[PDB]
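Reviewing the structure listed below.
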Amino acid sequence: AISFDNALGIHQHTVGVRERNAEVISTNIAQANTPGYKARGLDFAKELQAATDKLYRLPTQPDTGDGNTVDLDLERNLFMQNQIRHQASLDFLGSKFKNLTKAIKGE
Amino acid sequence: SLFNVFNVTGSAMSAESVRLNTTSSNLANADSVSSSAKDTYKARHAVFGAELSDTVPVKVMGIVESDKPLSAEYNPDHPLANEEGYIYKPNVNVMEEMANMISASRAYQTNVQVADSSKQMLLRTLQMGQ
Amino acid sequence: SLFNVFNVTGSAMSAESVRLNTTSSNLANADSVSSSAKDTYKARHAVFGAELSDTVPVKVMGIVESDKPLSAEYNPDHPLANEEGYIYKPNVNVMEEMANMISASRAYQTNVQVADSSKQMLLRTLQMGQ
Amino acid sequence: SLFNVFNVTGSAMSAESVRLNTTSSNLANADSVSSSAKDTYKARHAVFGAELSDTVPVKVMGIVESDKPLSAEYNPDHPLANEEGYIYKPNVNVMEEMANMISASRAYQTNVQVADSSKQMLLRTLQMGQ
Amino acid sequence: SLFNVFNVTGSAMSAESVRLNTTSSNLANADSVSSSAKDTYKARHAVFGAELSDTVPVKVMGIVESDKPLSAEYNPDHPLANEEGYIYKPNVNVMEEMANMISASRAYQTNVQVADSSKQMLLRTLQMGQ
Amino acid sequence: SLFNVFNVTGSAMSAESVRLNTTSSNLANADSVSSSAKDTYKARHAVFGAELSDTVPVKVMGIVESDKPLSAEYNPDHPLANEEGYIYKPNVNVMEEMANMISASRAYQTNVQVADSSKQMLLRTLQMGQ
Amino acid sequence: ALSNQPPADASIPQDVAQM
Amino acid sequence: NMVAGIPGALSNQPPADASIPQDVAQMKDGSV
Amino acid sequence: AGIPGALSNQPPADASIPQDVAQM
Amino acid sequence: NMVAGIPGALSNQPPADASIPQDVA
Amino acid sequence: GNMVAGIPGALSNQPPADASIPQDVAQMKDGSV
Amino acid sequence: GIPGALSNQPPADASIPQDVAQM
Amino acid sequence: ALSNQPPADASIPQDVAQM
Amino acid sequence: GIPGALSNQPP
Amino acid sequence: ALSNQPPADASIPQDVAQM
Amino acid sequence: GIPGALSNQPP
Amino acid sequence: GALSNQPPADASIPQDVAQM
Amino acid sequence: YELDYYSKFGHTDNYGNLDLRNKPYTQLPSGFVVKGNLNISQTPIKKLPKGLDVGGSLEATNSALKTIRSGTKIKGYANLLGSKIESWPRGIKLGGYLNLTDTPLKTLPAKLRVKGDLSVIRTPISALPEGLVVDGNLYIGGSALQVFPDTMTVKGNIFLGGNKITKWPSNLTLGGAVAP
Amino acid sequence: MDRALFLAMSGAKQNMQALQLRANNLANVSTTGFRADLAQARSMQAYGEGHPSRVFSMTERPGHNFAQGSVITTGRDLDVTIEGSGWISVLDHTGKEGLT
Amino acid sequence: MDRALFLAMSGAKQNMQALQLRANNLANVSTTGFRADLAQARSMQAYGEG
Amino acid sequence: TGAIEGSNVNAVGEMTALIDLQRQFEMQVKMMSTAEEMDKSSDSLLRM
Amino acid sequence: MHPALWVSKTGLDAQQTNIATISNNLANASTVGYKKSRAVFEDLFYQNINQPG
């Protein structure tokens, strides 16, 4: 054993997925006013499987002739949650190397 | 790539700023009969677009005028009156322009929040390991 | 956890948005005698419900129409008048819609504070270990 | 044994987290009339406990519903009303929920400081004799 | 010995907390014609003291009511009205209680600054020589 | 050379301050019919320059009066009236002064952010290599 | 929730009989 | 495919209110 | 279930039972 | 022996308010 | 000395038919002087 | 001690001879 | 100040006579 | 290409 | 869109003919 | 300088 | 800024420039 | 009491739909004609009048309706969700679907034709009538049905919903699919 | 945290209760034979160890305004109003005698 | 933002149009052989998911 | 007889009570805000 | 909703019905053999709040 895949766990992939998720939410907020755009959601378990997709969000309310299915209340909350979890993933993956370096150097 | 986010939010703010200026020109020309070009002013509306096929920037693909008829006014003594005494005025609707002003401002400000929040994520990544 | 607060508070944000839109359609249809769908619009209400399924999110279980009788008005010469000559108008009560408008806005904004309050607790929980 | 402070501070973090989740549910279900008059939502509150048989951990002993009578409202229009046209609403008081939000957040972050400072004392102990 | 500073700032912070609670009761009981046992509420004020004969800690030595007369109001139909129809209310003055709220809070926070600064000075003394 | 930025943003700080003081003199002298220099006041305006040919500082090259004609008023009994009975007042327009006040204040503040942000980039440059 | 196909648009007809 | 249209007030209307030009409303489906 | 008189957002068809609402 | 009760605003008010259940108090 | 000049703000952003800027100052916008 | 200072105990009163009598 | 007896609980009576 | 877009050049 | 030739000034004439 | 520039000294 | 070796004079705000 | 002509007028919309929700009416006059849809949800009505005519759809969700008499004409659909109907009469001219979910329905008319969808979800019905024809989707989920007749016709999808079917029809042509 | 948060919260909550009590009187201006409810505040000190600085305030209904109401002349035989002070004995649906 | 902004705007816009129809009626009180125009509002729902 | 007794609600008395209840309510809310403001400040003591 | 909002709304709803009742009476001021109607107000249920029961 003793390999980076096992030392880092899955925290090496989660940081990437949280970046992709943040990009999609940023797209949804920007495309909220453009008619005909369908809100895109990212399935977390899919990128989990890709580590070891880009779906559509069904609206809770009807459109108003635009056909745009973006709820700005939902997007802000989902962007806040993703950003908080992204920082935790950096903390988890960052400490993997800090412990790894301390084991090797002994100091 | 959170730098792609800055492009999407940056393109969004540009799109919303175009709509605001279009709204400004509509309010300023809601009562203008004449024009530089010899054609009555028609309410303008910038057309947003999405090249969906990750990050999909919003692009303005041109300004398209409303097709509603020009509001005719019975002003027989006006110099520009037609054979029946009607002068034609822009079809700008006041209520729909105020909603565009409210919508353009709010959509502009929420993209600043995303850009600022995405900026913090990139700075936090620079601190990884170190 | 503190992330469950975001799901619970976020659900209320969507919940109060549904009631706001229902009230908007009530205010806009308070004087509409006719209606597509062959139904004289009746005042609609969003009935909230706790989905217990600690953390209890709120869900809209469906929109319910008002039980009040429609307001009958004697308009014999109208094309929609019955044999007796009465046309019927929606039972929208303006005062309750204004009260719903105030309550929905006040409840929406106080859910933002809880989400903001939980956000700070998670950030401090992350500063531990640094 | 080597981390007694962590077990107590950490228990407070878990305890105060539940109180915030309960507060979020009370505010999100303050206007959920639901159905009947006994299935109506009621304000829930966690119960903290300390078994003093060194360190005394804080343990949540279950969620308990408030004993305040339900808020009655006269509304013989809601289809889920009763014989006298009354809809009973949850006994959630906004002022007490705001105070709990302030108390829970501050107390939660106070234990973060104690737990974070406790680690420093452990780290300094390892430097004894060096 | 900077540990004395901790005693002085701690005693000052305790004194400010007592003053804040006294202000809180005055604002809450500025409109109460009744009382627990039998005596109309009178604006309370903590008494600070300095036992000067190093450091001089500040100690609260008791609560003393204000000597201002009770504000008599003409409420002749009130159950508690006297022979002349007057009822008496607490002599709490809003302007001076607000100043106490501002003064106590700012005085409380500056003593935390001194204790925090004094805490650092002790730490640098430990590191002296190495 | 980020210190050159301090020469550019700092120059704009002075340049936008001149335009603000120019606005104040126009607001205060919009109704002044007399003068100490025997010439009626006219709306003064600053002139910005850019010696483009890296960093291009903005320098005010002089204040210039507006080209609009003076606003004439029929005051036949005023001591300063002419044969036709007219007195002349400064050609200061309220609407453009408000826009200048808004534009100059916002332009002043947006250069503070650049000067503050450029300060941070220099501090991190000193930290490079260690 | 999520789905693998885009949701349909919203119909706002002036006469439901003609859709 | 590319999807587009006029945003804001004009599009958030019932189709009966013919504020939106006919060809722009076509773009709101799909294009390539 | 829950409320007994919830509406349906699907256009009237008179031939298909609306499954949008909780028809139980 | 335990010391249990509802924390927060529901217990920091006079008992005349009677919000806490009797059994819990 | 190839500079650009003009009155900043409200005066310049009006259309040229307003004739608020002096003609001498308005002609230093194309890079002259 | 300070004169006129309030006390943190119920105020011995009149009704219920119990207080009027016991010091 | 430290003591061996636990501090007594506050009363906050609605009416002092009732006690 | 939005069919029938306005242009930005003197007619 | 970085070009190499400075953009031309916009024109706001009263008549497009005299432009 | 500016042809229409104003002087800061008394006329 | 433009450092000079002599102190700048005070500005004069006369009600009439002739009486200066 | 019972609905009168004047009380009828106060529960009718512009296009002629009678709304009797939560209203305390017990019986309707015979030969009753409704211009549009009829709603008798949550009503204490236990019986529908003979010669009843509905120009729209009948809505009786969560009502006390128990008996419908033959000869009733309904142009739209029939929605008897949560009512107390125990049997369906023969000869009902139904222009739409028939939703009988959560009803004590036990018997169905032989060779019944449903021009829309049919629901027997969570009903104590033991067997379907012979020669049944359904032009829409058939939902039998949660019911007591376990044996289909010899011949039946479903032009849409068949949803078992959980119940176990052991004896399938000998003559069956299906326009859709079968779902458990 | 400081117990002054709850001391002020308990006062703010009671002020809302008194507001609702006054609201019922204004909702019942035109009600027949309606006696307005009086609202006041009572100071209840938190007796115990420590300095006497914490006193709570809770609202109560000390009584009602028993003044004579505004008499409306209707010219109806079956309409009566009490002159001065008095009451009419009635029994509600529970068969319990009460003054109206 | 929320779509209730445009849902109410689409209602306020029609009220002005209804006001125009009533204005034409009052301007034509003195007109000869003029048949009054009736104004009504039609309720149209946005059918779809949600 | 021949008359009906109305309510004795003094409308002005209720209105002046309302405005005093509002101000006292708002002042106590400020006390809540300054209570948590002091608590946040007195948290750097354990912030070594 | 805070209870004070709904308590006040009941008064607004009650007075609204009173106006409609008065408006009908003045409409039938010339109707032969018409009897005037008056609206009767009464207070609603009174609830103990500071008591569990």
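By convention in this document, the chains of the structure tokens carry letters A, B, ... by their order, each chain's residues are numbered from 1, and ligands are numbered from 1 in the order they are shown.
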Can you show chain P as a PDB file with N, CA, C and O atoms, in the first residue's frame once it has been least-squares superposed onto chain N, using every C-alpha atom paired in order?
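Saved the output as superposed.pdb:
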```
ATOM      1  N   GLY P   1     -27.363  36.617 -37.777  1.00  0.00           N
ATOM      2  CA  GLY P   1     -27.853  37.122 -36.508  1.00  0.00           C
ATOM      3  C   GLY P   1     -29.365  37.117 -36.404  1.00  0.00           C
ATOM      4  O   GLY P   1     -30.044  36.394 -37.134  1.00  0.00           O
ATOM      5  N   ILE P   2     -29.891  37.920 -35.484  1.00  0.00           N
ATOM      6  CA  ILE P   2     -31.335  38.054 -35.296  1.00  0.00           C
ATOM      7  C   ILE P   2     -31.933  38.665 -36.558  1.00  0.00           C
ATOM      8  O   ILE P   2     -31.423  39.679 -37.054  1.00  0.00           O
ATOM      9  N   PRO P   3     -32.998  38.078 -37.119  1.00  0.00           N
ATOM     10  CA  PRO P   3     -33.554  38.629 -38.369  1.00  0.00           C
ATOM     11  C   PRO P   3     -34.033  40.067 -38.244  1.00  0.00           C
ATOM     12  O   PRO P   3     -33.900  40.846 -39.197  1.00  0.00           O
ATOM     13  N   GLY P   4     -34.589  40.443 -37.097  1.00  0.00           N
ATOM     14  CA  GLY P   4     -35.081  41.793 -36.911  1.00  0.00           C
ATOM     15  C   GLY P   4     -34.122  42.682 -36.148  1.00  0.00           C
ATOM     16  O   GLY P   4     -34.519  43.722 -35.615  1.00  0.00           O
ATOM     17  N   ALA P   5     -32.854  42.279 -36.091  1.00  0.00           N
ATOM     18  CA  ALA P   5     -31.866  43.010 -35.309  1.00  0.00           C
ATOM     19  C   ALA P   5     -31.636  44.401 -35.885  1.00  0.00           C
ATOM     20  O   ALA P   5     -31.676  44.606 -37.102  1.00  0.00           O
ATOM     21  N   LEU P   6     -31.394  45.359 -34.996  1.00  0.00           N
ATOM     22  CA  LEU P   6     -31.152  46.739 -35.387  1.00  0.00           C
ATOM     23  C   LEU P   6     -29.658  46.999 -35.522  1.00  0.00           C
ATOM     24  O   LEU P   6     -28.849  46.443 -34.776  1.00  0.00           O
ATOM     25  N   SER P   7     -29.302  47.854 -36.474  1.00  0.00           N
ATOM     26  CA  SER P   7     -27.912  48.202 -36.699  1.00  0.00           C
ATOM     27  C   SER P   7     -27.522  49.423 -35.870  1.00  0.00           C
ATOM     28  O   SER P   7     -28.335  50.304 -35.590  1.00  0.00           O
ATOM     29  N   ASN P   8     -26.252  49.459 -35.472  1.00  0.00           N
ATOM     30  CA  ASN P   8     -25.711  50.555 -34.683  1.00  0.00           C
ATOM     31  C   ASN P   8     -25.019  51.608 -35.539  1.00  0.00           C
ATOM     32  O   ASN P   8     -24.420  52.541 -34.994  1.00  0.00           O
ATOM     33  N   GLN P   9     -25.094  51.480 -36.860  1.00  0.00           N
ATOM     34  CA  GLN P   9     -24.493  52.396 -37.811  1.00  0.00           C
ATOM     35  C   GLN P   9     -25.580  53.223 -38.485  1.00  0.00           C
ATOM     36  O   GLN P   9     -26.738  52.802 -38.531  1.00  0.00           O
ATOM     37  N   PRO P  10     -25.246  54.405 -38.999  1.00  0.00           N
ATOM     38  CA  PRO P  10     -26.258  55.242 -39.655  1.00  0.00           C
ATOM     39  C   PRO P  10     -26.894  54.516 -40.825  1.00  0.00           C
ATOM     40  O   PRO P  10     -26.229  53.718 -41.506  1.00  0.00           O
ATOM     41  N   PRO P  11     -28.179  54.758 -41.081  1.00  0.00           N
ATOM     42  CA  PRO P  11     -28.889  53.998 -42.117  1.00  0.00           C
ATOM     43  C   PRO P  11     -28.240  54.150 -43.485  1.00  0.00           C
ATOM     44  O   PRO P  11     -27.757  55.224 -43.852  1.00  0.00           O
TER      45      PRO P  11
END
```
All in-order C-alpha pairs, least squares, chain F moved onto chain E. Output the fitted coordinates as a tab-separated table (two decimals) with C-alpha atoms, in the first residue's frame, please.
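Ended up saving to superposed_31.tsv:
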```tsv
chain	number	residue	atom	x	y	z
F	1	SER	CA	1.90	41.76	38.33
F	2	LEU	CA	-0.19	41.79	35.15
F	3	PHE	CA	-2.47	39.13	36.67
F	4	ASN	CA	-3.75	41.88	38.96
F	5	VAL	CA	-4.98	43.61	35.79
F	6	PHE	CA	-7.21	40.60	35.12
F	7	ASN	CA	-8.72	41.21	38.56
F	8	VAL	CA	-9.35	44.87	37.69
F	9	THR	CA	-10.62	44.62	34.11
F	10	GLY	CA	-12.58	41.47	34.93
F	11	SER	CA	-14.27	43.25	37.83
F	12	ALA	CA	-15.31	46.04	35.46
F	13	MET	CA	-16.79	43.43	33.11
F	14	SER	CA	-19.12	42.28	35.88
F	15	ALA	CA	-19.73	45.85	37.07
F	16	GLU	CA	-20.75	47.05	33.60
F	17	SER	CA	-22.94	43.97	33.18
F	18	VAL	CA	-24.87	44.82	36.35
F	19	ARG	CA	-25.51	48.35	35.05
F	20	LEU	CA	-26.73	46.89	31.74
F	21	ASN	CA	-29.17	44.52	33.46
F	22	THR	CA	-30.21	47.46	35.63
F	23	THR	CA	-30.96	49.42	32.45
F	24	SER	CA	-33.01	46.54	31.03
F	25	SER	CA	-35.18	46.39	34.16
F	26	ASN	CA	-35.72	50.16	33.87
F	27	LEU	CA	-36.63	49.98	30.17
F	28	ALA	CA	-39.09	47.12	30.67
F	29	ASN	CA	-40.79	48.65	33.73
F	30	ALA	CA	-41.19	52.24	32.52
F	31	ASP	CA	-44.96	51.75	32.02
F	32	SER	CA	-45.71	49.22	34.79
F	33	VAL	CA	-48.19	50.66	37.30
F	34	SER	CA	-48.56	47.53	39.47
F	35	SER	CA	-46.03	45.37	41.30
F	36	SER	CA	-45.76	42.02	43.06
F	37	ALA	CA	-44.29	43.64	46.20
F	38	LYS	CA	-47.06	46.28	46.57
F	39	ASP	CA	-44.62	49.16	45.94
F	40	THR	CA	-44.51	51.00	42.61
F	41	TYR	CA	-41.36	50.35	40.61
F	42	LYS	CA	-38.69	53.06	40.71
F	43	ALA	CA	-35.72	53.51	38.40
F	44	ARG	CA	-32.98	51.37	39.94
F	45	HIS	CA	-29.30	52.22	39.59
F	46	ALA	CA	-26.04	50.52	40.53
F	47	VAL	CA	-23.41	52.05	42.83
F	48	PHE	CA	-19.75	51.76	41.84
F	49	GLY	CA	-16.94	51.92	44.38
F	50	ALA	CA	-13.18	52.36	44.44
F	51	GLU	CA	-11.29	51.48	47.64
F	52	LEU	CA	-8.41	53.80	46.85
F	53	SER	CA	-5.67	53.92	49.48
F	54	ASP	CA	-1.39	49.78	42.56
F	55	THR	CA	-4.60	48.10	41.37
F	56	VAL	CA	-8.02	49.24	42.62
F	57	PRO	CA	-10.87	46.88	41.66
F	58	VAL	CA	-14.33	48.26	40.94
F	59	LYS	CA	-17.10	46.59	42.94
F	60	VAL	CA	-20.85	47.14	42.95
F	61	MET	CA	-21.93	47.81	46.53
F	62	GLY	CA	-25.69	47.69	45.91
F	63	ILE	CA	-28.53	48.89	43.70
F	64	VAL	CA	-30.24	52.15	44.66
F	65	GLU	CA	-33.53	53.61	43.44
F	66	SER	CA	-33.69	57.04	41.83
F	67	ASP	CA	-34.69	60.07	43.90
F	68	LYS	CA	-37.00	61.56	41.26
F	69	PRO	CA	-40.69	61.70	42.26
F	70	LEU	CA	-43.05	59.23	40.64
F	71	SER	CA	-44.79	60.41	37.48
F	72	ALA	CA	-48.45	61.04	38.31
F	73	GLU	CA	-51.19	60.49	35.73
F	74	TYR	CA	-54.84	61.53	35.93
F	75	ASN	CA	-56.73	58.25	35.47
F	76	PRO	CA	-59.89	58.68	37.57
F	77	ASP	CA	-61.54	55.42	36.46
F	78	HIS	CA	-58.52	53.15	36.94
F	79	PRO	CA	-58.95	50.54	39.71
F	80	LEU	CA	-55.74	51.73	41.41
F	81	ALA	CA	-56.60	55.44	41.32
F	82	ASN	CA	-56.65	57.51	44.51
F	83	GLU	CA	-59.25	59.98	45.78
F	84	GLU	CA	-57.89	62.78	43.57
F	85	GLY	CA	-57.98	60.44	40.56
F	86	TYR	CA	-54.24	60.00	40.02
F	87	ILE	CA	-52.21	56.86	39.40
F	88	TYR	CA	-48.44	56.75	39.84
F	89	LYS	CA	-45.90	55.37	37.37
F	90	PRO	CA	-42.15	54.72	37.61
F	91	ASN	CA	-39.82	57.70	37.23
F	92	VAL	CA	-37.82	56.19	34.35
F	93	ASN	CA	-36.38	58.69	31.87
F	94	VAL	CA	-35.82	57.40	28.34
F	95	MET	CA	-32.90	59.67	27.44
F	96	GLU	CA	-30.72	58.70	30.40
F	97	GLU	CA	-31.42	54.99	29.84
F	98	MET	CA	-30.13	55.30	26.27
F	99	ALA	CA	-26.97	57.01	27.53
F	100	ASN	CA	-26.51	54.26	30.12
F	101	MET	CA	-26.94	51.61	27.41
F	102	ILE	CA	-24.34	53.35	25.23
F	103	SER	CA	-21.94	54.07	28.10
F	104	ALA	CA	-22.15	50.62	29.72
F	105	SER	CA	-21.71	48.75	26.44
F	106	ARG	CA	-18.68	50.83	25.43
F	107	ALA	CA	-17.19	50.56	28.93
F	108	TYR	CA	-17.66	46.78	28.81
F	109	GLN	CA	-15.80	46.49	25.50
F	110	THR	CA	-12.90	48.80	26.40
F	111	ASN	CA	-12.04	46.52	29.33
F	112	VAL	CA	-11.86	43.52	26.98
F	113	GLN	CA	-9.06	45.24	25.06
F	114	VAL	CA	-7.08	45.91	28.24
F	115	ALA	CA	-7.62	42.34	29.43
F	116	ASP	CA	-6.63	41.06	25.98
F	117	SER	CA	-3.60	43.35	25.72
F	118	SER	CA	-2.44	42.51	29.25
F	119	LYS	CA	-2.61	38.85	28.20
F	120	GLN	CA	-0.05	39.45	25.45
F	121	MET	CA	2.39	41.21	27.79
F	122	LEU	CA	2.40	38.12	30.02
F	123	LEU	CA	3.07	35.74	27.11
F	124	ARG	CA	6.06	37.80	25.98
F	125	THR	CA	7.32	37.86	29.58
F	126	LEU	CA	7.46	34.05	29.53
F	127	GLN	CA	9.45	34.31	26.28
F	128	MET	CA	12.10	36.57	27.85
F	129	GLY	CA	15.63	35.20	27.96
F	130	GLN	CA	15.17	32.71	25.12
```
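Proximity to residue 13 in chain T was assessed for H:20, H:27, H:10, H:32 counting only C-alpha atoms; the smallest distance is recorded for H:10.
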(message) What's the separation between CA of residue 101 in chain R and CA of residue 121 in chain R, in Å to one decimal place?
(response) 4.8 Å
(request) Find the residues near range 1-11 of chain O: any atom within 12 Å, counting only C-alpha atoms, skip ones fewer than 4 places away on the same chain, and give them as a ChimeraX atom specification. (result) /B:36 /K:13-17,29-31 /N:8-10 /O:15-16,18-19
May I have a table of the residues of chain T lying at most 12 Å from chain C, giving each one's closest pair of atoms and their distance in Å to one decimal, counting only C-alpha atoms, ordered by chain and ascending residue number, as JSON lines?
```
{"residue": "T:1", "atom": "CA", "partner": "C:17", "partner_atom": "CA", "distance": 10.7}
{"residue": "T:2", "atom": "CA", "partner": "C:17", "partner_atom": "CA", "distance": 7.6}
{"residue": "T:3", "atom": "CA", "partner": "C:21", "partner_atom": "CA", "distance": 7.5}
{"residue": "T:4", "atom": "CA", "partner": "C:21", "partner_atom": "CA", "distance": 5.2}
{"residue": "T:5", "atom": "CA", "partner": "C:24", "partner_atom": "CA", "distance": 8.5}
{"residue": "T:6", "atom": "CA", "partner": "C:24", "partner_atom": "CA", "distance": 9.6}
{"residue": "T:7", "atom": "CA", "partner": "C:24", "partner_atom": "CA", "distance": 6.6}
{"residue": "T:8", "atom": "CA", "partner": "C:24", "partner_atom": "CA", "distance": 5.9}
{"residue": "T:9", "atom": "CA", "partner": "C:28", "partner_atom": "CA", "distance": 9.2}
{"residue": "T:10", "atom": "CA", "partner": "C:28", "partner_atom": "CA", "distance": 8.3}
{"residue": "T:11", "atom": "CA", "partner": "C:28", "partner_atom": "CA", "distance": 5.2}
{"residue": "T:12", "atom": "CA", "partner": "C:28", "partner_atom": "CA", "distance": 7.8}
{"residue": "T:13", "atom": "CA", "partner": "C:28", "partner_atom": "CA", "distance": 10.4}
{"residue": "T:14", "atom": "CA", "partner": "C:28", "partner_atom": "CA", "distance": 9.3}
{"residue": "T:15", "atom": "CA", "partner": "C:28", "partner_atom": "CA", "distance": 9.2}
{"residue": "T:18", "atom": "CA", "partner": "C:31", "partner_atom": "CA", "distance": 11.2}
{"residue": "T:36", "atom": "CA", "partner": "C:77", "partner_atom": "CA", "distance": 11.7}
{"residue": "T:37", "atom": "CA", "partner": "C:78", "partner_atom": "CA", "distance": 11.0}
{"residue": "T:38", "atom": "CA", "partner": "C:78", "partner_atom": "CA", "distance": 8.3}
{"residue": "T:39", "atom": "CA", "partner": "C:32", "partner_atom": "CA", "distance": 9.9}
{"residue": "T:40", "atom": "CA", "partner": "C:32", "partner_atom": "CA", "distance": 6.4}
{"residue": "T:41", "atom": "CA", "partner": "C:32", "partner_atom": "CA", "distance": 4.3}
{"residue": "T:42", "atom": "CA", "partner": "C:35", "partner_atom": "CA", "distance": 4.4}
{"residue": "T:43", "atom": "CA", "partner": "C:35", "partner_atom": "CA", "distance": 4.1}
{"residue": "T:44", "atom": "CA", "partner": "C:36", "partner_atom": "CA", "distance": 5.4}
{"residue": "T:45", "atom": "CA", "partner": "C:36", "partner_atom": "CA", "distance": 7.7}
{"residue": "T:46", "atom": "CA", "partner": "C:36", "partner_atom": "CA", "distance": 10.7}
{"residue": "T:47", "atom": "CA", "partner": "C:37", "partner_atom": "CA", "distance": 10.7}
{"residue": "T:50", "atom": "CA", "partner": "C:62", "partner_atom": "CA", "distance": 9.7}
```
Written selection (C-alpha atoms) as an mmCIF file, in the first residue's frame:
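And here is the file that came out, result-v2.cif:
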```cif
data_model
loop_
_atom_site.group_PDB
_atom_site.id
_atom_site.type_symbol
_atom_site.label_atom_id
_atom_site.label_comp_id
_atom_site.auth_asym_id
_atom_site.auth_seq_id
_atom_site.Cartn_x
_atom_site.Cartn_y
_atom_site.Cartn_z
ATOM 1 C CA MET T 1 -35.870 37.510 -9.077
ATOM 2 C CA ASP T 2 -39.356 36.323 -8.162
ATOM 3 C CA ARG T 3 -41.850 36.016 -11.012
ATOM 4 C CA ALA T 4 -44.586 37.702 -8.955
ATOM 5 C CA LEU T 5 -43.036 41.001 -10.066
ATOM 6 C CA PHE T 6 -44.026 40.314 -13.672
ATOM 7 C CA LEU T 7 -47.242 38.559 -12.629
ATOM 8 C CA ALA T 8 -48.401 41.800 -10.988
ATOM 9 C CA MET T 9 -46.951 43.924 -13.804
ATOM 10 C CA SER T 10 -48.966 41.904 -16.324
ATOM 11 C CA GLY T 11 -52.019 42.815 -14.242
ATOM 12 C CA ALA T 12 -51.250 46.503 -13.800
ATOM 13 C CA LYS T 13 -50.580 46.805 -17.537
ATOM 14 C CA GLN T 14 -54.042 45.456 -18.364
ATOM 15 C CA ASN T 15 -55.730 47.807 -15.881
ATOM 16 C CA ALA T 18 -59.049 48.796 -19.431
ATOM 17 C CA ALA T 36 -70.659 51.786 -25.719
ATOM 18 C CA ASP T 37 -67.748 49.355 -25.424
ATOM 19 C CA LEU T 38 -67.667 46.825 -22.589
ATOM 20 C CA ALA T 39 -64.423 45.978 -20.790
ATOM 21 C CA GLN T 40 -63.715 42.659 -19.079
ATOM 22 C CA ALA T 41 -60.706 40.701 -17.837
ATOM 23 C CA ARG T 42 -60.010 37.058 -18.681
ATOM 24 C CA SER T 43 -58.195 34.809 -16.202
ATOM 25 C CA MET T 44 -55.602 32.655 -17.981
ATOM 26 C CA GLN T 45 -53.476 30.184 -16.030
ATOM 27 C CA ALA T 46 -49.931 29.130 -16.920
ATOM 28 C CA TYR T 47 -50.389 25.376 -17.238
ATOM 29 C CA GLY T 50 -45.344 22.840 -10.677
#
```
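Using only C-alpha atoms, the residues found no farther than 12 Å from residue 11 in chain J, other than those of its own chain fewer than 4 positions away, are residues 45, 46, 47, 48, 66, 96, 99 and 100 of chain D; 4, 5, 6, 7, 15, 16, 17, 18, 19, 20, 21, 22, 24 and 25 of chain J; 3, 6, 7, 9 and 10 of chain S.
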Would you mind listing, for every residue of chain V within 12 Å of chain D, the two atoms forming the shortest contact and the distance between them in Å to one decimal, using only C-alpha atoms, sorted by chain and ascending residue number, as a tab-separated table?
```
residue	atom	partner	partner_atom	distance
V:1	CA	D:31	CA	6.5
V:2	CA	D:94	CA	8.2
V:3	CA	D:71	CA	7.2
V:4	CA	D:73	CA	10.3
V:5	CA	D:73	CA	10.3
V:6	CA	D:73	CA	6.9
V:7	CA	D:73	CA	7.7
V:8	CA	D:73	CA	11.0
V:9	CA	D:74	CA	9.6
V:10	CA	D:74	CA	7.3
V:11	CA	D:74	CA	10.8
V:13	CA	D:75	CA	10.1
V:14	CA	D:74	CA	11.2
V:43	CA	D:74	CA	11.1
V:44	CA	D:74	CA	8.1
V:45	CA	D:72	CA	8.6
V:46	CA	D:72	CA	9.6
V:47	CA	D:72	CA	8.2
V:48	CA	D:69	CA	7.7
V:49	CA	D:69	CA	6.2
V:50	CA	D:68	CA	7.5
V:51	CA	D:68	CA	7.4
V:52	CA	D:67	CA	5.7
V:53	CA	D:69	CA	7.4
```
(message) Based on the backbone DSSP call, show me all residues of chain L assigned alpha helix (DSSP H), as JSON, numbers by chain.
(response) {"L": [17, 18, 19, 20, 21]}
